[PDB]
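Novice: After the structure tokens below, expect a handful of questions from me.
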Amino acid sequence: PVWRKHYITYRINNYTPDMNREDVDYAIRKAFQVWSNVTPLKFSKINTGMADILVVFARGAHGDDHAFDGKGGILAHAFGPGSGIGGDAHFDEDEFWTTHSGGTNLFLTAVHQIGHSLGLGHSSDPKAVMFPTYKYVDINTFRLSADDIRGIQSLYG
Ligand SMILES: CC(=O)N[C@@H]1[C@@H](OC(C)=O)[C@H](OC(C)=O)[C@@H](COC(C)=O)O[C@H]1n1cc(CN([C@@H](C(=O)O)C(C)C)S(=O)(=O)c2ccc(-c3ccccc3)cc2)nn1
Ligand SMILES: [Ca+2]
Ligand SMILES: [Ca+2]
Ligand SMILES: [Ca+2]
Ligand SMILES: [Zn+2]
Ligand SMILES: [Zn+2]
């Protein structure tokens, strides 16, 4: 299933102490842009009320029956499109979130995760952002794969 709307709201539930807030805000917003640039979807940040996509930073057990696992291992996960917890993107706060390198990069992780929030599954092209394994790539040249674009457009046009 997909979202039945073109306007989709997200909300940052809380912030990681690893990065400054402006940078977290920029990486979430830019990561939505990636999907927004190749779809009819529009993504708007709300600061109050109930959003479609709740962005959470949390460690270990955090009340959705998919406890994180400490530093490394599971980096994030997000639920597919739906009511309540559907759409919500979670990031493991035991990781060290970074603007660029030398941690787990938030933008790239969030692009991938937003991808699952939107309904995508995994790709077999290593160049695809929806490829199963995290790996830092040059953000200056970051670009969606044809696999990613065919997929997202298969869902939303
Ligand atoms: C399959 C496997 O071997 N499992 C590894 C496990 O592997 C080995 C060899 O043991 C390993 O656990 C330990 C401790 O050994 C750990 C290794 O990775 C590290 C050190 O980061 O990860 C397990 N793992 C993770 C995930 C999937 N992820 C979730 C997701 O699909 O998004 C999902 C869980 C909801 S995700 O890892 O967190 C993930 C998050 C973000 C990204 C990404 C982000 C930006 C750009 C591209 C990709 C990629 C993956 N599947 N298996
Ligand atoms: Ca939700
Ligand atoms: Ca982890
Ligand atoms: Ca952290
Ligand atoms: Zn969770
Ligand atoms: Zn994934």
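Going by Swiss-Prot, the residues shown for chain A are 107-263, listed in order.
Positions of Cβ are set from backbone N, Cα and C atoms, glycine also.
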Novice: Which one of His183, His218 goes with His168, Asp170, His196 at the Zn(2+) 1 site, as Swiss-Prot has it?
Specialist: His183
Novice: If Swiss-Prot says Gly190, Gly192, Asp194 bind Ca(2+) 2, which of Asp158, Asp171, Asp175, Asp231 does it name for the same site?
Specialist: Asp158
Novice: Compare the C-alpha of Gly192 (Ca(2+) 2 binding site) with the C-alpha of each of the binding-site residues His168, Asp175, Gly176, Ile180, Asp198, and give the closest one.
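Specialist: Going through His168, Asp175, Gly176, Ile180, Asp198 one by one, the closest to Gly192 (Ca(2+) 2 binding site) is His168.
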Novice: Go through the binding-site residues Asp175, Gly178, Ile180, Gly192, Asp194 and pull out the ones with a Cβ less than 6 angstroms from some atom of ligand 2.
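Specialist: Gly192, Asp194, in sequence order.
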Novice: Can you tell which of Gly176, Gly178, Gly192 has the most other C-beta atoms within 10 Å, given these are the binding-site residues?
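Specialist: Compared across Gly176, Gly178, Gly192, the most Cβ atoms within 10 Å surround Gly192.
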Novice: Of the binding-site residues listed here (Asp158, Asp170, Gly190), which is spatially closest to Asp198 (Ca(2+) 3 binding site) when Cα positions are compared?
Specialist: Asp170
Novice: Sequence order is fine: just name those binding-site residues in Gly190, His196, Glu201 with a Cα within 10 angstroms of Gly178 (Ca(2+) 3 binding site).
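Specialist: Cα filter at 10 Å returns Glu201.
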